[PDB]
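This is upload_15.txt (compact mmCIF, C-alpha atoms).
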# COMPACT_ATOMS: atom_id res chain seq x y z
CA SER X 1 96.02 105.72 24.56
CA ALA X 2 98.70 104.94 22.00
CA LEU X 3 101.16 107.38 23.63
CA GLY X 4 100.69 106.10 27.15
CA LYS X 5 104.38 105.94 28.04
CA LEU X 6 105.36 109.54 27.30
CA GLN X 7 102.24 110.81 28.99
CA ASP X 8 103.10 108.68 32.01
CA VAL X 9 106.52 110.25 32.34
CA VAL X 10 104.98 113.71 32.25
CA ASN X 11 102.34 112.87 34.83
CA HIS X 12 104.82 111.36 37.26
CA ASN X 13 107.00 114.43 37.25
CA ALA X 14 103.99 116.72 37.66
CA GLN X 15 102.62 114.66 40.52
CA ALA X 16 105.96 114.69 42.32
CA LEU X 17 106.16 118.46 42.20
CA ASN X 18 102.54 118.77 43.27
CA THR X 19 102.99 116.70 46.37
CA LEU X 20 106.16 118.56 47.20
CA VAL X 21 104.27 121.85 47.08
CA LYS X 22 101.37 120.51 49.11
CA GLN X 23 103.59 119.29 51.88
CA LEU X 24 104.30 122.88 52.84
CA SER X 25 100.95 123.07 54.58
CA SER X 26 101.67 120.35 57.14
CA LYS X 27 102.63 121.60 60.59
CA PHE X 28 104.97 118.81 61.75
CA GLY X 29 104.08 119.64 65.33
CA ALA X 30 104.74 123.36 65.28
CA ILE X 31 102.00 125.72 66.40
CA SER X 32 101.62 127.00 62.86
CA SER X 33 102.82 126.31 59.38
CA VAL X 34 103.67 129.77 58.11
CA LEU X 35 107.01 131.16 59.24
CA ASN X 36 105.78 134.72 59.57
CA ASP X 37 103.37 134.03 62.41
CA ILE X 38 105.95 131.92 64.21
CA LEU X 39 108.39 134.81 64.00
CA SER X 40 105.70 137.35 64.85
CA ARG X 41 103.98 136.04 67.95
CA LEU X 42 106.95 134.54 69.75
CA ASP X 43 110.23 135.53 71.30
CA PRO X 44 113.45 134.23 69.72
CA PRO X 45 114.29 131.66 72.43
CA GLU X 46 111.03 129.76 72.00
CA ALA X 47 110.85 130.44 68.28
CA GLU X 48 114.07 128.47 67.89
CA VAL X 49 112.53 125.23 69.06
CA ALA N 1 85.72 135.80 93.67
CA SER N 2 86.46 132.48 95.29
CA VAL N 3 87.78 129.77 93.04
CA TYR N 4 84.81 127.39 93.00
CA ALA N 5 82.61 130.22 91.67
CA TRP N 6 85.13 132.01 89.52
CA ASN N 7 84.18 135.07 87.57
CA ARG N 8 84.28 135.24 83.77
CA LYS N 9 84.22 138.37 81.64
CA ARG N 10 84.26 139.11 77.93
CA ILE N 11 86.33 141.77 76.25
CA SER N 12 85.73 142.84 72.67
CA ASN N 13 85.63 145.99 70.56
CA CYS N 14 88.44 147.86 72.25
CA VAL N 15 92.06 148.78 71.66
CA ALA N 16 93.71 146.40 74.07
CA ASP N 17 96.90 147.77 75.60
CA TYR N 18 98.98 145.31 77.60
CA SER N 19 101.49 147.85 78.83
CA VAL N 20 99.47 148.72 81.92
CA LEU N 21 99.80 145.28 83.49
CA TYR N 22 103.51 145.53 84.27
CA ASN N 23 102.97 148.54 86.51
CA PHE N 24 100.75 146.51 88.79
CA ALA N 25 102.99 144.28 90.88
CA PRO N 26 106.25 142.30 90.82
CA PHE N 27 104.03 139.54 89.35
CA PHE N 28 105.00 136.36 91.14
CA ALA N 29 103.72 134.44 88.11
CA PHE N 30 103.54 135.77 84.57
CA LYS N 31 103.72 133.20 81.84
CA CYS N 32 102.15 132.83 78.44
CA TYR N 33 101.31 129.78 76.37
CA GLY N 34 101.46 130.19 72.63
CA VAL N 35 102.54 133.84 72.61
CA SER N 36 105.17 135.89 74.11
CA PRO N 37 104.34 138.72 76.52
CA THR N 38 106.52 141.35 74.92
CA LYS N 39 105.19 140.64 71.42
CA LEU N 40 101.66 140.90 72.79
CA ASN N 41 101.16 144.55 72.08
CA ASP N 42 101.11 144.23 68.26
CA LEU N 43 98.68 141.32 67.57
CA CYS N 44 94.95 141.14 66.86
CA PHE N 45 92.73 138.57 68.55
CA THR N 46 89.31 137.12 67.93
CA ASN N 47 87.67 137.00 71.38
CA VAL N 48 89.26 137.64 74.77
CA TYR N 49 88.00 136.16 78.05
CA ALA N 50 89.24 137.20 81.47
structure tokens encoding of this file:
Amino acid sequence: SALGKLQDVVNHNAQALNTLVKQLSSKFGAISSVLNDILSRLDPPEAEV
Amino acid sequence: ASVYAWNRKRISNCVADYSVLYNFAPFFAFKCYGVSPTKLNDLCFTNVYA
């Protein structure tokens, strides 16, 4: 582990992007996480909220 | 049936068409949770109880 610092920079950036991609799966309270279903099985007035 | 002995039924393996319901009555109550009634006629469901 002589090159620990450079490797650490790389891993931090990779981990940041990874968590950013994973957070797409959370629902945040909506009935579903994917936009297509929300826009498919609901009328526009309720789909707004 | 009377409410304390309500009557369940299962519905599967059919082509469900929800466009016959509207011709029944002025429908004093018609509300849907989680789905809209007009966008009902294009979805696929797992198991349907009545």
Find the residues around region 31-42 of chain X up to 9 Å (all atoms listed in the file counted), leave out those fewer than 4 positions away in its own chain, and share them as a VMD selection string.
(chain X and resid 24 to 27 46 to 47) or (chain N and resid 34 to 40 42 to 43)
CA of residue 33 (chain N) and CA of residue 43 (chain X), how far apart in Å?
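So the two atoms, CA of residue 43 (chain X) and CA of residue 33 (chain N), lie 11.8 Å apart.
CA of residue 49 (chain X) is positioned 10.8 Å from CA of residue 29 (chain X).
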Report the distance between CA of residue 3 (chain X) and CA of residue 19 (chain X) in Å, rounded to one decimal place.
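If I compute the distance from CA of residue 3 (chain X) to CA of residue 19 (chain X), I get 24.6 Å.
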Given the choices N:25, N:16, N:3, N:32, which gets closest to chain X if the distance is worked out from only C-alpha atoms?
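Among N:25, N:16, N:3, N:32, it is N:32 that comes nearest to chain X.
The closest residue to chain X, picked from N:7, N:46, N:41, N:13 and counting all atoms listed in the file, is N:41.
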